[PDB]
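This text opens with one protein chain seen in two forms, each one given by itself as structure tokens under the names structure 1 and structure 2.
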Structure 1
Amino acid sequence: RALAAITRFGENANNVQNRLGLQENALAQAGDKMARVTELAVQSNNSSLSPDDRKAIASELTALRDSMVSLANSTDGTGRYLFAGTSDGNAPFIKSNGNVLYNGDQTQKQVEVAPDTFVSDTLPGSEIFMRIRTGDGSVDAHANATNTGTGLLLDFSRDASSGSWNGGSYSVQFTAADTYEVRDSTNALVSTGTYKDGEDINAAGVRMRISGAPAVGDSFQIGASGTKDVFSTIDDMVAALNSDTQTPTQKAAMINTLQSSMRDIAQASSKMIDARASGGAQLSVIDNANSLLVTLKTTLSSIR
């Protein structure tokens, strides 16, 4: 009846080991797909491309989003889902009204591979594909959707220039061609200043940089980064590339949208890379287990 326990520990160890190896490969391939998304997006800014060419790129991006879903729905060949957390009974990523939703859970199983010896199972898919910070990872900013001018959001960050950031959201709004106001989340007046094309705008511990010609009333929001799933980000690029771009206004809006999506993809690339690297020591410990060494624990290590 000790055979029963050894078998159970053995099978547990083999299962987690297989899953962890499949996770590592899946994160590598997600890396590659993200790198391909990044290249397609850079190319889509190219001013020589036609609307039709932009559409073909959008079509490739759609295919990449679809293959990222299949990857997110990888199985471990006992037929259990890799990225569902502990609810590894049904497909964790589902298409629903154009969004990809996560049906798995938030728990990374602690697999007991020997008495009081635990190995961390695969990450919940929420931690890989869904909970990806936006912007630069702590602040996010966008050109407002209703903007009528040609103001391009070039970059942004926390910045010690204007002092210290309180985590709050702000709005940079043009009141003349060469004048703007910054307002806080209650619409109170924080600062005003003179607009210079490509010069930093510093208020309340954050900075953004704008080029082109914002129209009167055009605004730019900035605030703490939230999270956005990888599928939505690819999706937004696809919808941006399908946009009409006949006027300077429409071109700026698409560029602003592409460029924001690209910042988010960079965050998505980093997550995959950072996630993969966070798992390597657990795989190395298992692989090198014999090099690193009579109880249940030692009898198990002597077989594997």
Structure 2
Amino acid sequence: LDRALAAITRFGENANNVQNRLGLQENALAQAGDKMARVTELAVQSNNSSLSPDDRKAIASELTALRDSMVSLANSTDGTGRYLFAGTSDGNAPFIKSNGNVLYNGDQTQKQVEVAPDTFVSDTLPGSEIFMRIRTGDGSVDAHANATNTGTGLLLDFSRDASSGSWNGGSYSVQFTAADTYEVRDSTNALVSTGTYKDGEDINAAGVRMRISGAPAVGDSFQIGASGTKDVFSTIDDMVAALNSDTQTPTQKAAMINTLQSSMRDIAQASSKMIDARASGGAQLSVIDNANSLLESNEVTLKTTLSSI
């Protein structure tokens, strides 16, 4: 009897504890989702290349405030002051500022909480899985205008492309040998193909594709390869720093817009990760309800057994 009663007491406490934490997580991430939606909107506006330096600086200012509030939300606690987004190292704040970057000092472990016999409900997400471990580009491939380009070539978009072959995961460089001519080269600087450039026409090779507009100069290049991972705070920081740049020449404007288009892509990926994280938090709420109703059936059996004896 004593072992059975301890079990149900434990189930009741476990259910209440995980229910609280999951509720505070939904609140925190709802708030973070609103901020993330405003960051997304500002990223879209940042890609309006007609904005004044003054308009850009306003957007940069707001993005900085949003980034800071996101850090505070990432350090949310549960009302025993245990951190929500630190995994199992929930005693010290998991998101810490170092040299203009945000570091994650929590762990990767998501706790499973027994709410009924053999029936587990996940506790809150480790912060790494909301804020840090975010793929760039389109999630699969990423591409950038080279930082040293002297022309006005915009990288408008890119993707995997089943038409030019099955992409092997490798990196490639599209390099202009003339105003209207490019070469595509692999990791080893070896020639894969050449092509004629026309504004907005797809450049296709090696299982990947890109679209370029404007006027690339001879020697300008564009790199394309596997996506990396970048935390959302760095993505916002890099967008802010780009917006604050001077754009006196067509070349400088093109450099900023390339950087801002890339930031926006990476932001789109961070937005998708937040959607998913938020959604995951609701998925097991019916099991908590079921655990709670089973516990109500236990009240009825306890009360009748108590009355009998």
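All residue numbers here follow the sequence of structure 1, with the first residue given the number 1. Rigid core: the largest C-alpha set superposing within 1.5 Å between the two forms.
Would you indicate which listed residue, out of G193, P115, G167, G77, moves its Cα by 2 Å or more between structures 1 and 2 relative to the superposed core?
Result of the superposition: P115 is the only one at 2 Å or more.
At a 2 Å cut-off on C-alpha positions, does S270 qualify as shifted between structures 1 and 2 after fitting the rigid core?
After core superposition, the C-alpha of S270 moves less than 2 Å between structures 1 and 2.
Determine, after fitting the two forms on their core, whether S48 shows a C-alpha shift of 2 Å or more between structures 1 and 2.
Yes, because once the rigid core is superposed, the C-alpha of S48 moves 2 Å or more between structures 1 and 2.
What Cα shift, in Å, does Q23 show between structures 1 and 2 once the core is superposed?
Between its two positions, the C-alpha of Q23 lies 1.4 Å apart after core fitting.
What's the distance in angstrom the Cα of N99 travels between structures 1 and 2, core superposed?
So the C-alpha of this residue moves 0.5 Å.
Core overlaid, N12 C-alpha shift between structures 1 and 2, how many Å?
Spelling it out: core superposed, C-alpha of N12 shifted, distance 2.9 Å.
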